Structure formats: structure tokens, C-alpha cells
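Asker: Below: one structure in C-alpha cells.
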Amino acid sequence: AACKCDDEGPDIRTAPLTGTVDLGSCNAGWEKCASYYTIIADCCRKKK
């Protein structure tokens with residue numbers, strides 16, 4: 001579920017979708033972009 005980074009920039013209607021939601025937990029090769037995300041999911045950033 002693309003969610004962009006917790007703060008990759010301003011914008012609002014557009015975005016480079018620099019956020020990825022993985023049901024479970026972040027894994028190696030990734031970089032948490034948001035301390036959290038949804039009530040049932042997070043949001044990591046596959047290496048920038």
C-alpha cells in the first residue's frame with residue numbers, strides 16, 4: 001500500500017510514492033520512513 005515517506009516533501013495531490021506498507025514488519029534492505037503509519041500497518045522506505 002504505497003504511503004509515501006513520513007515526510008519526503010510538501011506537495012499534497014502528487015508524490016513519488018517513496019513509502020511502502022508491508023503487512024508484518026520492516027525488513028533488511030529497507031529504511032523506516034515513518035515511526036508508524038496506519039493502525040494496522042507501518043511504512044518503510046526501500047533504501048530511499
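Residues are referred to by chain and number: the chain letter is A, B, ... according to the order shown in the C-alpha cells, the number counts from 1 in that chain, and ligands are numbered separately from 1 in the order shown.
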Which parts of chain A does DSSP call strand (DSSP E or B) when run on the backbone here, written out as a compact mmCIF listing (two decimals) with N, CA and C atoms, in the first residue's frame?

Answerer:
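So the final result, stored in states.txt, reads:
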```txt
# COMPACT_ATOMS: atom_id res chain seq x y z
N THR A 20 6.32 2.53 1.45
CA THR A 20 5.75 1.19 1.13
C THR A 20 5.16 0.57 2.40
N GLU A 31 14.38 1.09 4.97
CA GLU A 31 14.70 2.16 5.96
C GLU A 31 13.40 2.78 6.47
N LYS A 32 13.01 2.46 7.67
CA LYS A 32 11.75 3.03 8.23
C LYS A 32 11.66 4.52 7.88
N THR A 38 -0.39 3.31 9.73
CA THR A 38 -1.84 3.11 10.00
C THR A 38 -2.01 2.33 11.30
N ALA A 41 -0.68 -1.22 10.19
CA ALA A 41 0.41 -1.31 9.18
C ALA A 41 1.43 -0.20 9.41
N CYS A 44 7.73 1.62 5.49
CA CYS A 44 9.21 1.67 5.38
C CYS A 44 9.61 2.24 4.01
N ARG A 45 10.87 2.53 3.83
CA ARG A 45 11.33 3.09 2.53
C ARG A 45 12.44 2.21 1.96
```

Asker: Applying 10 Å and only C-alpha atoms, which residues near region 22-29 of chain A remain after dropping the ones on its own chain fewer than 4 positions away? List them as a PyMOL selection string.

Answerer: chain A and resi 1-2+40-47

Asker: Set the distance at 8 Å and use only C-alpha atoms: which residues neighbour residue 4 (chain A) once local chain neighbours fewer than 6 positions away are removed? I'd like the list as a PyMOL selection string.

Answerer: chain A and resi 15-20+43

Asker: From the options A:3, A:21, A:30, A:14, which residue's atoms come nearest to residue 48 (chain A), counting only C-alpha atoms?

Answerer: A:30
